[PDB]
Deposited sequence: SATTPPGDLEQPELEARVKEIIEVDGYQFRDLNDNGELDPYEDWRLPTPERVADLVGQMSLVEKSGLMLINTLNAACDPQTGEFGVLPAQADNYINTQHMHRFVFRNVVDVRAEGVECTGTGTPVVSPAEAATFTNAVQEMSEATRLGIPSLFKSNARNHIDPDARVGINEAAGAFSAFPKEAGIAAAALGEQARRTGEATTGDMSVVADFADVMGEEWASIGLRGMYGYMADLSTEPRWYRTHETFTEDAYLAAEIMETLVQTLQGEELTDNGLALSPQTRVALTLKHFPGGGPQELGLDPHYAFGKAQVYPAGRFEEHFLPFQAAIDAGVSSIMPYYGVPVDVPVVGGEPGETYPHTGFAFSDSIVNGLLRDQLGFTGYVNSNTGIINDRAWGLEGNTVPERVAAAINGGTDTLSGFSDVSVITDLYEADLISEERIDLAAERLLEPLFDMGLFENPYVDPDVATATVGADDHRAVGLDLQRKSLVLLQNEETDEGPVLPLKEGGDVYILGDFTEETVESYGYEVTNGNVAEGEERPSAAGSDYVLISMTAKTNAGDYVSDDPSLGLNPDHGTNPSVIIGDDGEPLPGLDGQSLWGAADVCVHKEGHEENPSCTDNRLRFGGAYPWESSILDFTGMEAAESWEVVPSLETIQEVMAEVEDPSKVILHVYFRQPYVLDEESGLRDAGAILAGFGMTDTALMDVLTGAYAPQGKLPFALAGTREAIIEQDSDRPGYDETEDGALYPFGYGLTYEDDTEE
């Protein structure tokens, strides 16, 4: 019966033989402080007692990073904005964005450089924030959310696993290993990762996640494929179900939400109803990228993962910024289509589809920066108009919005009903009660130290690293198959490889990695060439209103067409405009003056929009916004210096479904592997034969740029193209002895 309580500001009070927290400091026990009652009564009693300002502060979630004290050397102190956020704007939801790791030696507190904090320091911080949260009138606790933290970047003190697609690769391979085919995967893998993730996240007081992504990799040109698990909706649905089950728990509430005091991380799945199918793979962070198009009519397939997660009881949902072009309303009259606005602002999507068609009973967390920079379809509207559109659309809380007064102003102008704010407040409080945060919101900082990156947890990560590796090609020489490596030999390395780790497996290693001026050693006479390569975008120079870039007619036009519901095409998106024209800094359609460029610098990722279909390595070499690392020119020199290319072994990281074009020569390598982020002991363990490769492609790889241009952004695979797939979904070799 009696749950554990902790209180740093308020007092505890003995009642009816049990203990309770006196969170309103009134000396008697309110129903909302009475953990014996079911959540609906505590919420109802709590909302009853809340100011108009208290209820609307819940509808904000913003960054609240740990700071350091430059005079004391202490890390994990509140920043300056904490006071204004918790006391003035009455916020209880934050995004924690610091890296968690051991700081190198000599690293002292600077100022305002979002510091790296240790596990104990991070928990110190979130405890401090809860202490200030408890200091409010009603002592409502806070929830922190964060983007993912347990994936290698080709980190911190969080246990390192491969990237999302790498986890699916491991799950497909483990199914194949034990059954024979790779369809929906073996979720024992997924559960193991999520279990390590849960304990580590909860141990530092981080109980929410902006994620995981339920999006599908159906458009290889979408830069966000790097955070996608698969292109297969049905595999996606099983991973989502498993993530929710492991991270949130399997006890649902009467309301159908997987929420309990043992819920370690409540998920806010994203990006509803599916960020994947982007026209030309252009991303709707950017004005040119507003469109989501569905040539194969797969809109329903893309939200299957969300239905799986909703049915398992996901806590929260983030709609995307995209605009669903010409998409039949689900469960609606023939001919009816969803509004040509960003999902976050379309009531038919956040209330129609999500809640009435799909049955979701939780809250809706907007994506970040919609009201000011990305209210697609509301380019003309004002900010209060945009806020009201989202809230009345069904969004309950706004990420990156920090002026509570605007919400209150809209209520006092009857632009938002009080029932609606009450309805938000209800949905936002429900998880906090169920997750036990009204009983104890604190954590032990010593225990984060023993938890984040514990040896056993990193063991699970290394296990998944080795099972994520996909072996795509393995020439059979006259001396046998290229992989596994024979013992000993001269090995040439190119690309990010730690020489000592390769060397410790018994090879004498030449390093082809040199500074830009220095003379690269030749590769001739090597027994093995280990190349580790990838492709990266370098588009920081993009500017929407530069006649050399965004408004350069020599860069083509934006074939994307979104006809607004005012009967008009949206600016820059009529089908014959310059790439930079969709940006507000060109069309100016805002109620503002001399507006700034949203798209400048392409800070979030992605190539120049006119280069987004260049996924073949030879093109990427020659492109302006693409860089092959290491240079394809260096690789080709190296693959020649060894006169048999069967001695070459390519570890490729497929950040996006890159295309090994036949002209590049990379298919001449003796073995090709797809890695999804792994340490070099993991990679060398597999290469030298200590473990055999078992992962399977969680997405298909094409062998022609042409197939990239023809494929259907909403459709998996390349089976509908003239050239087809180089490697299908679910492919992967092993060794056989």
Regions of the deposited sequence not represented in the model: 1-9, 164-172, 756-759
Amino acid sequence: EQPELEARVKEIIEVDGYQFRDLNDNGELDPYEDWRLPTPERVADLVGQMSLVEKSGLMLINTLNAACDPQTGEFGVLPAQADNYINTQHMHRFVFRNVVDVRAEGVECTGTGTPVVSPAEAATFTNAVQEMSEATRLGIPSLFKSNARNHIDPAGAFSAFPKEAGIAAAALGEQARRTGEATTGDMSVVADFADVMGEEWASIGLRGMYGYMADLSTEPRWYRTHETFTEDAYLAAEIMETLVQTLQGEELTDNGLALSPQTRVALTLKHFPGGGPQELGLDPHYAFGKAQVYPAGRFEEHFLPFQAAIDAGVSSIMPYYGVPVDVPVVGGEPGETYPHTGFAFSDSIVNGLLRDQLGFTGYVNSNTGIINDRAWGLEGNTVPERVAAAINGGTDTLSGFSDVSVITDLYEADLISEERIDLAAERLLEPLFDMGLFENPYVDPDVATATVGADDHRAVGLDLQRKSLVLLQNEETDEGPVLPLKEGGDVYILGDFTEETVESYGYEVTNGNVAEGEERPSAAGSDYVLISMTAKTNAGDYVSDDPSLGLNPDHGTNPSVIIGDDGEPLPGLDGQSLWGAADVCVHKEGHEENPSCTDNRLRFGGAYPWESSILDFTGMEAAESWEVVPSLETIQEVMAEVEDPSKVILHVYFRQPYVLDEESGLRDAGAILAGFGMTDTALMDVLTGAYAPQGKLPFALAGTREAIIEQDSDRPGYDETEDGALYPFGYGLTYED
From here on, numbers count along this sequence of modelled residues.
570-578 set against 646-654, stretch whose average Cα temperature factor tops the other in the entry: 570-578
68-76 versus 266-274 - greater average Cα B-factor per the deposited record: 68-76
Maximum C-alpha temperature factor, selected from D396, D414, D311, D283: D414
Deposited CA B-factor, highest of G211, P328, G106, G173: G106
Lowest, middle or highest third - CA B-factor, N392: middle
Within-chain third of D186 by Cα B-factor, per the entry: middle
B-factor third for the C-alpha atom of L530 within its chain: lowest
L58 - Cα temperature factor, lowest/middle/highest third of chain: middle
Chain thirds of CA B-factor: placement of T681: middle
